[PDB]
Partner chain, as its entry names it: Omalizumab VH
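Just the one chain here, the form solved without the partner chain, laid out as structure tokens.
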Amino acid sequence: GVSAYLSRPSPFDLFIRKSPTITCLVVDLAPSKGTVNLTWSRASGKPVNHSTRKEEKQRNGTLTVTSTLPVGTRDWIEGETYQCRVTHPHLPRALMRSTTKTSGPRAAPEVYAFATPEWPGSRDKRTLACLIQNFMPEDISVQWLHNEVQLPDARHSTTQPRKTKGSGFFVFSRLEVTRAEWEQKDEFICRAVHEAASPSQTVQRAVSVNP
């Protein structure tokens, strides 16, 4: 019948953009009924901002309600729990989805950056790889930059956080780069955004194609 999902603010949104938001999605396979309410609240009792709202009846007959709530970074850091409560249809119990900052010890990531040896054929392209590890909570964002301008997201792929043997998480990120970029200027930064990185929630490493 009804499924509901709520996302986490990305670290990039908490600490860089600094306008973080969370998104509550409801998927109702049989909208046989009237309105499906969906309501935000905070565990503390404090008020929430207004949220966007959007409904689509989908071609297969499913109804799809999305809602987006802006949250405070400071509130998020102090422990707020944000809650999306789904209400009405043939639901005895309401559904409720929630998100809060992860428990446990904190620990800034270590970043390492590596370049690929020239491969026959490629010549005009090179591969950069960034290993980011030992960070605690696994929440993390990753940017690559060049001429102190952040590259587009889709230029790189980053893997999902997995647990290291022992404690903390790691993550790999990969960016192909072109001769026109590296001769332009032979420096690329791999930057992680993480709540425990401290002055300002980031750690970065520079890497170069040649020596």
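The term rigid core refers to the most C-alpha atoms you can superpose between the two forms while keeping them within 1.5 Å. Residue numbers count along the first chain shown, from 1.
This next part talks about the form deposited with the partner chain bound, which is not shown.
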{"item": "The partner chain contact at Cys84 in the bound PDB entry, heavy atom, 4.5 Å", "value": "yes"}
{"item": "Proximity of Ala30 to the partner chain in the bound PDB entry, heavy atoms at 4.5 Å", "value": "no"}
{"item": "Conformational change between the shown form and the other one, one of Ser32, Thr164, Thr159, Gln184, C-alpha moving 2 Å or more after core fit", "value": "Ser32"}
{"item": "Large Cα move at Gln133 between the shown form and the other one, threshold 2 Å, rigid core", "value": "no"}
{"item": "Large Cα move at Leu63 between the shown form and the other one, threshold 2 Å, rigid core", "value": "yes"}
{"item": "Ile77 C-alpha moves between the shown form and the other one by 2 Å or more, core aligned", "value": "no"}
